[PDB]
Amino acid sequence: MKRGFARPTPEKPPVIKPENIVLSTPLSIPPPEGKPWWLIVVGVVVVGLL
Amino acid sequence: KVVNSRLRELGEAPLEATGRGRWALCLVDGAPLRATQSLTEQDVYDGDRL
């Protein structure tokens, strides 16, 4: 002999939330440059003058 | 009798005691069941332990 059991309507489960996410585009490296000749030309004169 | 018989087949000593008294079924706390009432009148169901 067993105890009786009647199943009721199921209780509400904890709601899941989906998510759509787009990533941030990475940072851009700077461009290289050629040294300023009309500056270094000045400096080599000054040290010579010294 | 059947419990003592099964115990002997298992190699265990049968139930024995000394002094004035009687043998009966009891709950985990030692409380004895009613000797004059049905197991259907008592709170016993399939899978219980006594």
# chains A, B, ... in the order shown; residues from 1 in each chain; ligands from 1

call {"tool": "select_by_dssp", "arguments": {"residues": "chain B", "states": "helix (DSSP H, G or I)", "output": "MDAnalysis selection string"}}
result
chainID B and resid 2:10

call {"tool": "write_last_selection", "arguments": {"atoms": "C-alpha atoms", "output": "CSV table (one decimal), in the first residue's frame"}}
result
chain,number,residue,atom,x,y,z
B,2,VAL,CA,11.2,-16.5,9.7
B,3,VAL,CA,13.6,-13.7,10.8
B,4,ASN,CA,15.4,-16.1,13.1
B,5,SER,CA,15.4,-18.7,10.3
B,6,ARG,CA,16.9,-16.1,7.8
B,7,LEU,CA,19.5,-15.0,10.3
B,8,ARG,CA,20.7,-18.6,10.7
B,9,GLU,CA,21.1,-18.9,6.9
B,10,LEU,CA,23.1,-15.7,7.0

call {"tool": "closest_atom_pairs", "arguments": {"of": "chain A", "to": "chain B", "cutoff": "12 Å", "atoms": "only C-alpha atoms", "output": "Markdown table"}}
result
| residue | atom | partner | partner_atom | distance |
| --- | --- | --- | --- | --- |
| A:1 | CA | B:45 | CA | 5.6 |
| A:2 | CA | B:45 | CA | 5.7 |
| A:3 | CA | B:45 | CA | 7.3 |
| A:4 | CA | B:45 | CA | 11.0 |

call {"tool": "atom_distance", "arguments": {"atom1": "atom CA of residue B:33", "atom2": "atom CA of residue B:50"}}
result
9.6 Å

call {"tool": "atom_distance", "arguments": {"atom1": "atom CA of residue B:14", "atom2": "atom CA of residue B:1"}}
result
9.0 Å

call {"tool": "residues_around", "arguments": {"residues": "residue B:36", "least_positions_apart": "5", "cutoff": "12 Å", "atoms": "only C-alpha atoms", "output": "number ranges by chain"}}
result
B: 24, 41-42

call {"tool": "write_last_selection", "arguments": {"atoms": "C-alpha atoms", "output": "compact mmCIF listing (two decimals), in the first residue's frame"}}
result
# COMPACT_ATOMS: atom_id res chain seq x y z
CA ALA B 24 7.13 -6.66 19.19
CA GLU B 41 -5.01 1.54 10.74
CA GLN B 42 -1.42 2.31 11.71

call {"tool": "decode", "arguments": {"residues": "stretch 18-49 of chain B", "atoms": "N, CA and C atoms", "output": "short mmCIF file (atom, residue, chain, number, x, y, z; two decimals), in the first residue's frame"}}
result
data_model
loop_
_atom_site.label_atom_id
_atom_site.label_comp_id
_atom_site.auth_asym_id
_atom_site.auth_seq_id
_atom_site.Cartn_x
_atom_site.Cartn_y
_atom_site.Cartn_z
N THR B 18 16.41 -12.11 27.73
CA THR B 18 16.16 -12.65 29.06
C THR B 18 15.30 -11.71 29.89
N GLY B 19 14.44 -12.29 30.72
CA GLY B 19 13.53 -11.56 31.57
C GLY B 19 12.10 -11.61 31.07
N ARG B 20 11.20 -11.20 31.96
CA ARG B 20 9.78 -11.15 31.64
C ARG B 20 9.49 -10.05 30.62
N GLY B 21 8.76 -10.40 29.57
CA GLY B 21 8.47 -9.42 28.53
C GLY B 21 7.89 -10.09 27.30
N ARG B 22 8.01 -9.39 26.17
CA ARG B 22 7.48 -9.88 24.90
C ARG B 22 8.24 -9.27 23.73
N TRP B 23 8.04 -9.89 22.56
CA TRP B 23 8.64 -9.46 21.30
C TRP B 23 7.62 -8.65 20.49
N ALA B 24 8.04 -7.50 19.97
CA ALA B 24 7.13 -6.66 19.19
C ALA B 24 7.92 -5.73 18.27
N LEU B 25 7.19 -5.11 17.34
CA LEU B 25 7.73 -4.16 16.38
C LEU B 25 7.80 -2.77 16.98
N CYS B 26 8.88 -2.05 16.68
CA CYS B 26 9.10 -0.70 17.19
C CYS B 26 9.67 0.22 16.11
N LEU B 27 9.45 1.52 16.31
CA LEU B 27 9.96 2.60 15.48
C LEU B 27 11.40 2.93 15.85
N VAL B 28 12.01 3.79 15.03
CA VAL B 28 13.41 4.18 15.22
C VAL B 28 13.67 4.79 16.59
N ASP B 29 12.66 5.35 17.23
CA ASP B 29 12.86 5.93 18.55
C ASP B 29 12.54 4.94 19.65
N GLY B 30 12.19 3.70 19.29
CA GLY B 30 11.84 2.67 20.25
C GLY B 30 10.37 2.53 20.57
N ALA B 31 9.53 3.42 20.06
CA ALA B 31 8.10 3.37 20.35
C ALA B 31 7.45 2.14 19.71
N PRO B 32 6.78 1.28 20.48
CA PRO B 32 6.15 0.09 19.90
C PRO B 32 4.85 0.40 19.16
N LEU B 33 4.59 -0.43 18.15
CA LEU B 33 3.36 -0.34 17.37
C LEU B 33 2.19 -0.94 18.15
N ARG B 34 0.97 -0.59 17.74
CA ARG B 34 -0.22 -1.11 18.40
C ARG B 34 -0.42 -2.59 18.09
N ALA B 35 -0.59 -3.40 19.14
CA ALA B 35 -0.74 -4.84 18.98
C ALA B 35 -2.13 -5.27 18.51
N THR B 36 -3.15 -4.45 18.71
CA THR B 36 -4.52 -4.81 18.36
C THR B 36 -5.07 -4.12 17.12
N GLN B 37 -4.26 -3.36 16.38
CA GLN B 37 -4.77 -2.67 15.21
C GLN B 37 -4.02 -3.03 13.93
N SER B 38 -4.75 -2.93 12.83
CA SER B 38 -4.26 -3.23 11.49
C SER B 38 -3.12 -2.31 11.08
N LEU B 39 -2.23 -2.84 10.24
CA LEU B 39 -1.17 -2.02 9.67
C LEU B 39 -1.77 -0.94 8.77
N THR B 40 -3.02 -1.12 8.34
CA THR B 40 -3.74 -0.12 7.56
C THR B 40 -4.31 0.95 8.48
N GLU B 41 -4.54 0.60 9.74
CA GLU B 41 -5.01 1.54 10.74
C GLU B 41 -3.82 2.36 11.22
N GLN B 42 -2.68 1.69 11.37
CA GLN B 42 -1.42 2.31 11.71
C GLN B 42 -0.86 3.02 10.47
N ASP B 43 0.11 3.90 10.69
CA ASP B 43 0.76 4.68 9.63
C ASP B 43 1.99 3.96 9.06
N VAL B 44 1.73 2.84 8.39
CA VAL B 44 2.77 2.04 7.74
C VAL B 44 2.44 1.91 6.26
N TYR B 45 3.44 2.13 5.41
CA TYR B 45 3.30 2.07 3.96
C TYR B 45 4.54 1.42 3.37
N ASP B 46 4.43 1.02 2.10
CA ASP B 46 5.53 0.39 1.39
C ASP B 46 6.80 1.22 1.46
N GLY B 47 7.91 0.55 1.78
CA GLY B 47 9.21 1.16 1.90
C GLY B 47 9.58 1.64 3.29
N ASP B 48 8.68 1.52 4.27
CA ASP B 48 9.02 1.90 5.63
C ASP B 48 9.99 0.88 6.24
N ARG B 49 10.69 1.33 7.29
CA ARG B 49 11.64 0.51 8.04
C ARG B 49 11.18 0.41 9.49
#
